[PDB]
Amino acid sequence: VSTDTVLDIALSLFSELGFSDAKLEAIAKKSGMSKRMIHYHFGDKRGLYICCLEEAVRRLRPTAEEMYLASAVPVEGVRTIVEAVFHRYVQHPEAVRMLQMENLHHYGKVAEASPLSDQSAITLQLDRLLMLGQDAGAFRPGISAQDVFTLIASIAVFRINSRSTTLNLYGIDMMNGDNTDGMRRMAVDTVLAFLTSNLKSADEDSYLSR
């Protein structure tokens, strides 16, 4: 068994049962790696749990290869970024539930802790793209790469997270084929309309600040 194999089995259990119910013996039985050797690479159970959160962030982060586009047109460039990001959320729902587990029960108290990953990658490629479109007169000022990413993540995560309550209240399964395509369309059309809007906005240079 490899380090990536144990990390995959552990991520699935933590995203389904939580930190309390997911047992190391159950992970050792499925992974094939002894509980003693799991402690050697990942450390204690909380050490393995934080590795799963770092993996969850990594699984949801698109590569520069997945976001490359020859077409200089900033509109089609942003479309590629949105669809690339959204696709990873569709392919990794276990990574989404993994991060949502931490956001509900703060098992790792991650908010006041060391960053899980260096996300200066997808932000830099998007900031440059928004900068080119703004000077070309294609996009309006006041929107940062972090604002665009938050808008994409909000839609991509809501599909997986609020699936059960939406299906109960409105009879809509956001995770079926048709609705997974519709949520992608909503993410693309919402972002592009937001960037190319002629409506009057606040004198603020960003929606989210740090």
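From 1 onward, residues are counted along the sequence shown.
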query	finding
36-44 or 138-146, whichever carries the higher mean Cα B-factor	36-44
Stretch exceeding the other in mean C-alpha B-factor - 184-192, 21-29	21-29
Residue, from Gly77, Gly133, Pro93, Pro115, that the PDB entry assigns the highest Cα B-factor	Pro115
Modelled-residue ranking by C-alpha temperature factor, third containing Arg128	middle
Chain thirds of CA B-factor: placement of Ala111	highest
Modelled-residue ranking by C-alpha temperature factor, third containing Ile122	highest
Lowest, middle or highest third - CA B-factor, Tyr49	middle
Third assignment of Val73 from its chain's C-alpha B-factors	highest
